[PDB]
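What follows is one chain in structure tokens, specifically the form deposited in one PDB entry.
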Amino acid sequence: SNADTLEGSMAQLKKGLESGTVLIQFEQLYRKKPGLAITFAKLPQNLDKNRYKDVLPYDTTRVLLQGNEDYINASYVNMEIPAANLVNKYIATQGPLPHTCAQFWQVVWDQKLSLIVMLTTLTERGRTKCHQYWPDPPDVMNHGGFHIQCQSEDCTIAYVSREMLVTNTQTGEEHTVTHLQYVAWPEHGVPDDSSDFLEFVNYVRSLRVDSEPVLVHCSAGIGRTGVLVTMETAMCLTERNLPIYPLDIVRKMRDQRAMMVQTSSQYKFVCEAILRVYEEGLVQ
């Protein structure tokens, strides 16, 4: 049952943002769920496959690669919308390293993922945050037996949209992926423009197909990715007149990949954005 109406949950959120209690509770929430093992990620042969030493998937929800080395730093994150008979599926992962591009594309191929949402630029202040795992058109790239070509590249103020053709070199089977790269959102921070962010999330929602996971990544795969997942979840709730408790949304993400939504500024931002979407939804 609902603990409050949507309206009441929004009054509570607004009050808590003003008083500071909403951020206090966020700061109190566990970062990693007690009782989920993290072992595979720390095996000697897997250490170099983690971009950040301590941003690691849980054993239970990690994405498995077939065959020998089963390891990629990626997690299944599924958000359930209560008795709407709706689960929004994601794979949350880090920005690939030069030597993990093959594994990244293997996940995309094996699960025939049609949408990749990248929330980082390739570099920030000269420091690499993600390897460029796609070729500039008209170049072609080969990663772990996959042939990648970028069919189109179009820019908007906040994001780049690319269509990628992935060909299994052995069999010649083809798979198309839409790749969206949001470039106006710095690491550990908030989107440069809230309206551009909300339009983008609406666009992502328009491309989601039921029961197919959306692959989301940034550099570490937790902060900006967690904000996006929280916002999409909230939009589904708003539309359905269901109450929204951002702290519980964050907990439910963190039970699947630790540390999602990294900073207080990120949490404050998404809570404010949720109130805005709620209010706009009442108008139409």
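The first residue of the shown sequence is 1; numbering continues from there.
S.K.: Look up the CA B-factors in the entry and say which stretch, 202-210 or 140-148, has the higher mean.
M.R.: Higher mean C-alpha B-factor in the PDB entry: 140-148.
S.K.: When the Cα temperature factors in the entry are averaged, is it 63-71 or 239-247 that ends up higher?
M.R.: Between 239-247 and 63-71, it is 63-71.
S.K.: Between 190, 92, 183, 84, where does the Cα B-factor run highest in the record?
M.R.: Largest recorded C-alpha B-factor: 84.
S.K.: Would you mind checking which of 102, 119, 122, 158 has the top Cα temperature factor in the PDB entry?
M.R.: The listed residue with the largest C-alpha B-factor is 102.
S.K.: Among the modelled residues of its chain, does the C-alpha B-factor of residue 266 lie in the lowest, middle or highest third?
M.R.: Answer is lowest: the recorded C-alpha B-factor places it there.
S.K.: If you rank the chain by CA B-factor, which third does residue 50 end up in: lowest, middle or highest?
M.R.: Tercile = middle for this residue's CA B-factor.
S.K.: So where's residue 107 on the chain's Cα temperature factor ranking, which third?
M.R.: CA B-factor rank for residue 107: highest third.
S.K.: Thinking about Cα B factors across the chain, which third does residue 28 belong to?
M.R.: As the PDB entry reports it, the C-alpha B-factor of residue 28 lands in the highest third of its chain.
S.K.: Divide the modelled residues of the chain into thirds by Cα B-factor and specify which third, lowest, middle or highest, holds residue 115.
M.R.: Middle third - that is where residue 115 ends up once the chain's C-alpha B-factors are sorted.
Not pictured, yet referred to below: the form deposited with a partner chain bound.
S.K.: At 4.5 Å by heavy atoms, is each residue in 80, 212 and 249 next to its partner chain in the entry with it bound?
M.R.: Spot residues vs its partner chain: no contact at all.
S.K.: Can you say which of 221-229, 234-242, 57-65, 249-257 gets within 4.5 Å of its partner chain in the entry with it bound, counting heavy atoms only?
M.R.: Looking at the partner contacts, the answer comes out as 221-229.
S.K.: Any chance residue 262 has a heavy atom within 4.5 Å of its partner chain in the entry with it bound?
M.R.: Residue 262 belongs to the contact set for its partner chain.
S.K.: Looking at the partner-bound form in the entry with it bound, is residue 147 within 4.5 Å of its partner chain by any heavy atom?
M.R.: Flag for residue 147 set to no.
S.K.: Consider residue 37 of the chain shown here, and say whether it contacts its partner chain in the entry with it bound, taking contact as heavy atoms within 4.5 Å.
M.R.: Residue 37: no contact with its partner chain in the entry with it bound.
S.K.: Does at least one non-hydrogen atom of residue 163 fall within 4.5 angstroms of its partner chain in the entry with it bound?
M.R.: Residue 163: no, not in contact with its partner chain in the entry with it bound.
S.K.: Please pick, from 188, 89, 208, 131, the one residue with any non-hydrogen atom lying within 4.5 angstroms of its partner chain in the entry with it bound.
M.R.: Filtering the options by heavy-atom distance leaves 188.
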